Amino acid sequence: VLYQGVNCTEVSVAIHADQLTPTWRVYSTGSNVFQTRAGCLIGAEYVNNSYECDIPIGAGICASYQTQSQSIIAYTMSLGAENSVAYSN
Amino acid sequence: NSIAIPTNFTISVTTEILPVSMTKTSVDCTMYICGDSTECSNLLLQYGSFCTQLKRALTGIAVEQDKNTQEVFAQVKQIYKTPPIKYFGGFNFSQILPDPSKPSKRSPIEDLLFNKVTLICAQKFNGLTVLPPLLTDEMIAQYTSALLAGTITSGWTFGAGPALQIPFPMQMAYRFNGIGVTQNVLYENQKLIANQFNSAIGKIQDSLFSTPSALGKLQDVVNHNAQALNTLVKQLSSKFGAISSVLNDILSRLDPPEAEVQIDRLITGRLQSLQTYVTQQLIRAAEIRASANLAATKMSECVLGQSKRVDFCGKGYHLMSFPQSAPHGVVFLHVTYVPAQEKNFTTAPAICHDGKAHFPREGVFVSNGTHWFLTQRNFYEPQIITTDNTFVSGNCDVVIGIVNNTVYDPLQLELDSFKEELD
Amino acid sequence: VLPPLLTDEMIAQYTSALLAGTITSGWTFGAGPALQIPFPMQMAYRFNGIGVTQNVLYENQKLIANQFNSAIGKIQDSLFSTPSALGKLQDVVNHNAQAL
Amino acid sequence: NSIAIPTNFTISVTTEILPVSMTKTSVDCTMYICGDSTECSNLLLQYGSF
Amino acid sequence: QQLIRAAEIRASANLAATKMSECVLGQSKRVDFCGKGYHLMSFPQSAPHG
Amino acid sequence: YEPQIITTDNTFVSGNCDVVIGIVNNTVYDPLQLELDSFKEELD
Ligand SMILES: *[C@@H]1O[C@H](CO)[C@@H](O[C@@H]2O[C@H](CO)[C@@H](O[C@@H]3O[C@H](CO)[C@@H](O)[C@H](O)[C@@H]3O)[C@H](O)[C@H]2NC(C)=O)[C@H](O)[C@H]1NC(C)=O
Ligand SMILES: *[C@@H]1O[C@H](CO)[C@@H](O[C@@H]2O[C@H](CO)[C@@H](O[C@@H]3O[C@H](CO)[C@@H](O)[C@H](O)[C@@H]3O)[C@H](O)[C@H]2NC(C)=O)[C@H](O)[C@H]1NC(C)=O
Ligand SMILES: *[C@@H]1O[C@H](CO)[C@@H](O[C@@H]2O[C@H](CO)[C@@H](O[C@@H]3O[C@H](CO)[C@@H](O)[C@H](O)[C@@H]3O)[C@H](O)[C@H]2NC(C)=O)[C@H](O)[C@H]1NC(C)=O
Ligand SMILES: *[C@@H]1O[C@H](CO)[C@@H](O[C@@H]2O[C@H](CO)[C@@H](O)[C@H](O)[C@H]2NC(C)=O)[C@H](O)[C@H]1NC(C)=O
Ligand SMILES: *[C@@H]1O[C@H](CO)[C@@H](O[C@@H]2O[C@H](CO)[C@@H](O)[C@H](O)[C@H]2NC(C)=O)[C@H](O)[C@H]1NC(C)=O
Ligand SMILES: *[C@@H]1O[C@H](CO)[C@@H](O[C@@H]2O[C@H](CO)[C@@H](O)[C@H](O)[C@H]2NC(C)=O)[C@H](O)[C@H]1NC(C)=O
Ligand SMILES: *[C@@H]1O[C@H](CO)[C@@H](O)[C@H](O)[C@H]1NC(C)=O
Ligand SMILES: *[C@@H]1O[C@H](CO)[C@@H](O)[C@H](O)[C@H]1NC(C)=O
Ligand SMILES: *[C@@H]1O[C@H](CO)[C@@H](O)[C@H](O)[C@H]1NC(C)=O
């Protein structure tokens, strides 16, 4: 889940205090809470491996279900393979 | 029989600014109409699924805006890089290429464009939020950089297959053949052309720097969406016939049977305000989509190729274009060949030699008063009229305005010299 | 109803300028300074554009001019005799009048 | 191995008609809704900046 | 309704401007863009609202 | 890629060798001149 426009600290506090309006909860364990510009993403592990965008989240971040069993991950999307052209005179 | 032919040329760089994307908004229908009020929400439910349609319309717009940005900039299969040595025949691209010393890695012109146009919902906290774009400004700059590196190092080949390196002056030579000017014009004047290009780029920076209105097209989009949201928020203070614009005051002072009447008056007013806002956003979204489609077409035809469509890729004969990223849009720098310093010559449709009518193969016959020459149409370069330059069709009695002049046969001259002595 | 910024005379003047440019300078006035060219040579270039050699135009110049003049007369007869020819513009006028 | 090649040609002139502009209208919102009526105008003000 | 028609007219005007630049101020190799047949040239004429 | 011999039919001449940047030295084959040295090589 993505809580739009909010700091993860504020969401974590709202969960701790039993203040958050929706009554369902996401496990929210260590390393599954990731701060994006879109909002606070809970339930996906952020990795440093870029891939093609699958499910867009926002602000450069996409998520996908990958084998690493399988889980939902978040990553900064890749724009393409790099190709340095052998330019010369 | 009077024709004017350019004897010089100018390399001109012009700027075209197009919107690509719109601010992506999202509205919590229930909070806006019935903010934190159960009684209002329960009355709101009697109007059916209007909040749901409004939600879909705004979601569809947000998705479309990301589609528009992706369609305009993500036109390159790979992210291309320039060589470590940025020498391109004397053409200085340092003001359009990424500046590696600054954060965000934007070119000097992109940095200027971003500075000229002006996440946390500090403002308008009435259920109205803004979603970030899927591609960040850095990602757009990276696509622009890839497109620019592709054009500079591979010309038009990266847009129709694998990138193929070509020396930049030869790319320009091909572009000159495209407009209809021979390759030697570029090579003979390569230094002049590079200097005119570099000067024109400096003028682009001075024009954008000194003219506040240069980017008005993008600022208008920002201003119109900001005004639309400010108006939408302002409608909340209206009473619409109710005793008060604040639901907490209505519920605080009145019993449910009266509060429902005052609340329904407010629900009607707020719901009409949201329908007006969404309808206007759909119309503007359609306008932006059309602009984005034009920008994508221009990207493909001006940047990833050479276009023979008049005024499509700037004023003049199109040579090449370079994209630059801008907030909510794209700026194209169009490099064109503009004829200059034309000279007034006498012409003729054909030359009559021995009864044959000679027509030019690639050019126009001109006369500098006393002598006839064949020249390329777009650049004065007189050449001797020979059987290699012309073709023969028919006799001299058909063409209107045919003039009498010698056509030189290159081989016959040899026949009279090779065995002039017989032995 | 507000009047347009350009009057019908100003539009006619722009149309006249564009037509004079095309007739006396061909395509050159649209990409730089206007360069005069004899009209039959402009047509010869246009023939090379479509992929027909210049001698076809010069050998048949009188036929081509006659076919052009005939076609223009037919345009006037078509517009004069067909009330529906300009329906696209009349529909715009009718729709805004109906809306008001 | 059969090809057809034109031996003559016709110069043809056709007509394309396109709208460019629309009648420019202007509406006095207050006169239309509340023509020369102060009481109506004052009630109209409660609908905000429509 | 006026905003929707205005958008339609804008699209038509943009097409007309494109045709002016490519058909009148040049020679187009786009099939059927500047009339039926191989394009040679075009001439504009003014018309009410178009 | 379809390499062909560089001849006076494939190229055109404009100016001298001291203007173009990066010009290289290579033979350009004149098709007619070769005949002139074979057709009457023997003089009679
Ligand atoms: C390609 O063109 C750029 C200009 O568009 C050339 O940049 C030049 O960079 C040097 C060093 O940064 C500048 O020198 C100094 O600039 C400051 C102002 O920032 C000035 O106060 C100093 O007196 C000094 O001039 C230089 O001005 C700048 N050139 C221009 C025209 O502004 C770059 O060198 C060119 N590259 C090649 C390979 O020719
Ligand atoms: C075609 O036009 C170009 C200009 O677009 C001509 O080149 C220009 O020639 C003038 C006179 O030779 C140059 O002016 C001189 O520049 C030096 C610079 O140090 C200055 O010290 C002199 O006092 C004078 O102002 C001008 O710079 C030069 N421009 C460029 C961009 O190279 C060219 O000669 C023309 N060609 C023909 C065939 O007429
Ligand atoms: C190619 O087609 C054109 C027509 O598009 C041919 O020209 C036409 O030829 C006919 C017969 O020669 C002409 O008809 C005659 O016209 C005179 C006019 O005074 C009339 O008195 C005769 O009774 C007869 O009707 C016709 O006018 C002429 N059309 C044009 C526009 O010139 C041309 O001959 C054809 N070429 C080839 C190679 O077949
Ligand atoms: C037209 O061009 C011809 C050829 O360039 C000019 O005649 C040449 O003039 C130069 C001197 O400038 C002489 O060295 C050549 O021998 C001349 N060639 C011939 C074939 O006569 C001619 O003067 C030019 N005329 C005008 C009016 O500009
Ligand atoms: C081009 O040269 C031809 C041949 O010299 C000229 O044709 C002659 O024109 C005179 C005009 O009085 C006639 O009397 C001759 O009978 C023609 N001879 C031939 C062989 O056709 C022709 O007039 C010249 N054209 C121009 C434009 O000067
Ligand atoms: C191409 O060949 C020419 C002629 O052989 C070379 O020109 C000579 O270059 C040397 C360089 O030291 C000069 O000293 C001679 O005076 C030049 N001769 C002439 C006739 O110009 C030229 O350098 C060769 N080019 C290349 C790239 O090797
Ligand atoms: C969240 O709040 C902390 C302070 O509690 C702050 O340091 C951090 O930058 C904030 N993050 C965002 C994304 O606003
Ligand atoms: C191309 O030539 C220039 C001439 O100054 C030289 O500086 C540059 O290094 C050369 N480029 C390559 C890739 O060798
Ligand atoms: C072109 O040259 C002729 C002389 O050859 C001259 O009479 C005419 O005036 C010139 N054209 C212009 C526009 O001056």
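Atoms considered below: every heavy atom in the structure, side chains included; atoms not considered: hydrogens, waters and symmetry mates. Numbering of ligands and ligand atoms starts at 1, following listing order. Below, chains carry the letters A, B, ... as their sequence lines are ordered, and counting in each starts from 1.
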Completion exercise
When rounded to the nearest 0.5 Å, the distance separating OG1 of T25(B) from CG of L131(B) is 7.5 Å
Problem - Aromatic plane relationship, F9(B) with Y337(B) - under 30° parallel, 30 to 60° tilted, over 60° perpendicular - result: parallel
Practice task
Look at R361(B) together with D388(B) and state whether they make a salt bridge at an N to O cut-off of under 4.0 Å.
Solution key: no
Exercise for the section: Flag atom 22 (C) of ligand 6 as yes if some protein heavy-atom distance to it falls below 4.0 Å, otherwise no. Expected result: yes
Practice task
Starting from atom 32 (O) of ligand 2, find the nearest protein heavy-atom neighbour and note its residue, name and distance.
Solution key: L192(B) CD1, 3.1 Å
Practice task
Using salt bridge (charged side-chain N to carboxylate O under 4.0 Å, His left out) as the criterion, list what pairs up with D99(B), not counting sequence neighbours.
Solution key: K102(B)
Handout entry: Is_contact(atom 25 (O) of ligand 2), protein non-hydrogen, under 4.0 Å
Key = no
Problem - Option nearest atom 4 (C) of ligand 2 (shortest heavy-atom distance, choices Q341(B), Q196(B), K191(B)) - result: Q196(B)
Practice task
Check whether any protein heavy atom sits under 4.0 Å from atom 15 (C) of ligand 2.
Solution key: no
Handout entry: Protein non-hydrogen atom found under 4.0 Å from atom 17 (C) of ligand 6
Key = no
Exercise for the section: Please state whether the rings of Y174(B) and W156(B) are parallel, tilted or perpendicular, taking 30° and 60° as the class boundaries. Expected result: tilted
Handout entry: Under 3.5 Å side-chain donor-acceptor pair for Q324(B) and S107(B)
Key = yes
Problem - Any protein heavy atom < 4.0 Å from atom 37 (C) of ligand 2 - result: yes
Run through all N or O atoms in ligand 7 and write down each protein N or O closer than 3.5 Å, as a pair with its distance.
unit_1	atom_1	unit_2	atom_2	d
ligand 7	2 (O)	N7(A)	ND2	2.3
ligand 7	11 (N)	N7(A)	ND2	2.9
ligand 7	14 (O)	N7(A)	ND2	3.3

Problem - Short side-chain donor-acceptor distance under 3.5 Å, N8(B) and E342(B) - result: no
Exercise for the section: Just need the protein heavy atom nearest to atom 4 (C) of ligand 6, so name the residue and atom and give the distance. Expected result: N25(F) ND2, 4.7 Å
Exercise for the section: Show the numbers, then the answer: is there a ring-ring contact (aromatic ring centres under 6.0 Å, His included) between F176(B) and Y317(B)? Expected result: CA-CA 10 Å; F176(B) 270 53; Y317(B) 294 100; over 10 Å; no
Practice task
Indicate whether atom 20 (C) of ligand 2 is within a distance of less than 4.0 angstrom of some protein heavy atom.
Solution key: no
Handout entry: Structural part of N8(B) in contact with ligand 2, heavy atom criterion under 4.0 angstrom
Key = side chain
Exercise for the section: Verify the contact flag for atom 7 (O) of ligand 6, where contact means a protein heavy atom under 4.0 Å away. Expected result: no
Exercise for the section: Measure the acute angle between the ring planes of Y46(A) and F34(A), then classify it against the limits of 30° and 60° as parallel, tilted or perpendicular. Expected result: parallel
Handout entry: Side chains of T182(B) and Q376(B), donor plus acceptor under 3.5 Å
Key = yes
Exercise for the section: Determine if the distance from atom 11 (C) of ligand 6 to the closest protein heavy atom is below 4.0 Å. Expected result: no
Practice task
For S307(B) and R309(B), test the side chains for any donor-to-acceptor distance below 3.5 angstrom and give the result as yes or no.
Solution key: no
Practice task
Drop me the distance from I85(B)'s CD1 to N89(A)'s CG, to the nearest 0.5 angstrom.
Solution key: 10.5 Å
Handout entry: Distance-only side-chain donor-acceptor flag, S321(B) / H334(B), under 3.5 Å
Key = yes
Handout entry: atom 1 (C) of ligand 6 protein-contacted (non-hydrogen atom, under 4.0 angstrom)
Key = yes
Practice task
Return a yes/no value: protein heavy atom under 4.0 Å from atom 11 (C) of ligand 2?
Solution key: no
